[PDB]
């Protein structure tokens, strides 16, 4: 392909920063637990269950290192993050429900920015 235009890189960061900075009615930053996954030594149970792990740190690195070739590719990884959160955590639990919100916050951001 062609290198990531500065405008696309700026859009990808603007979208991910909306998700990360997002807060609920209570004043809680939902992304907090999703920024960094615990290590394989800290939580081996998660790595046994989850095939393709990702956190917001890895997504920022993939934006920075021009790994996402479209906003669709970025979406695929944000959707994967949330799916893993929904797979590993019990339905109705805080982490599980926060991931459903962040999925929506991403789509809202994507359509607003792009």
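Just so we're on the same page, rigid core means the largest C-alpha set that superposes within 1.5 Å between forms. Numbering follows the first chain given and starts at 1.
Comparing 33-41 with 67-75 in 9 other deposited structures of this protein, after superposition on the rigid core, the stretch with the greater RMS C-alpha deviation is 33-41. Remark: stretch with higher mean C-alpha B factor among 67-75 and 26-34 is 26-34. The PDB entry records a higher mean C-alpha B factor for 1-9 than for its counterpart among 1-9 and 103-111. Of the candidates 58, 41, 52, 83, the one whose C-alpha carries the top B factor in the deposited record is 41.
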